[PDB]
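Just one chain is shown here, as structure tokens, and it is the form deposited in one PDB entry.
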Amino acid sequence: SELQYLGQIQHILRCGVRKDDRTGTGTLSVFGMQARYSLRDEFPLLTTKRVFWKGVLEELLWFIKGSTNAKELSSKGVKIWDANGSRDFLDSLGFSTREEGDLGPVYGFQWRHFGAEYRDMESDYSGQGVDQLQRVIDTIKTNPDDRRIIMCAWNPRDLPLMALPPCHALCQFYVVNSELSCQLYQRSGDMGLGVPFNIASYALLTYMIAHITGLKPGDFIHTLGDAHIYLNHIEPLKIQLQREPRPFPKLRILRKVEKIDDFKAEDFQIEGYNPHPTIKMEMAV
């Protein structure tokens, strides 16, 4: 359960090697990890530290709508991408002609219009590109034993146009005994700030697709590439590691939804979530 995440934190603190990165700060890094989180009658929202669930829900709906505009997500109260869409950051990447908030062809664009010619964030891409999100839902409805149910956000062609290359680069879905499972490949995971957020993110997505396809949520397999702890996250994570985890909350979908695009934020309710106080961990940039 949650001990698997805490075990990964401990393993990086005890066996992780020092490795500098692009942000100038240091990390303790381990390459190649895998954890398994059950989705059966529980939702893996971490209890040893309060997780920004409101951000998790809005960002996933922000992904599903295909939006690549940081202002669209920030206006919902979730400012997690405002640093990567700011004028100073876009200029540091050479995007002087882009309006502030244009993250480029990122998660939302690749999920819904993979292969389309990206112009800007306010363009209409209807009918353009590959709709991977609907393709995986239809494949599950008709051929649940398929071993190719993959949604990939890593686009080498669109890569130089992205404000930040996708961290959760590829995910695969798996069905057996009417149970829907999902494995995520995260090329680089910020164990302090991003990883707890990403775990609930793809657990919520599996709950959405299971509800649409009438399946029961199974497991979420979290595979990491460069699993790293930033140096300014060492002391906060040592505090979290000394906390006793509480029971995971449960996720209730309030109404019967037929299409993935009809999900609203008011359709989801987290019950029984009593986390420890939040731990401030600053984003590296």
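Residue numbers run from 1 along the displayed sequence. Heads up, when I say rigid core I mean the largest set of C-alphas that superpose within 1.5 Å between the two forms.
Only in words, not in the display: the form deposited in another entry, which the text now covers.
- Note: rigid core superposed between the shown form and the other one; among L184, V195, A163, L205, the CA shift is 2 Å or more only at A163.
- For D146, a C-alpha deviation below 2 angstroms is recorded between the shown form and the other one after rigid-core alignment.
- The Cα shift for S123 between the shown form and the other one, taken after rigid core superposition, is 2 angstroms or larger.
- One change in that other deposited form concerns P166 and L46, whose Cα atoms lie at least 3 Å farther apart than in this form.
- By 3 Å or more, the C-alpha separation between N155 and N198 shrinks in that other deposited form relative to the form shown here.
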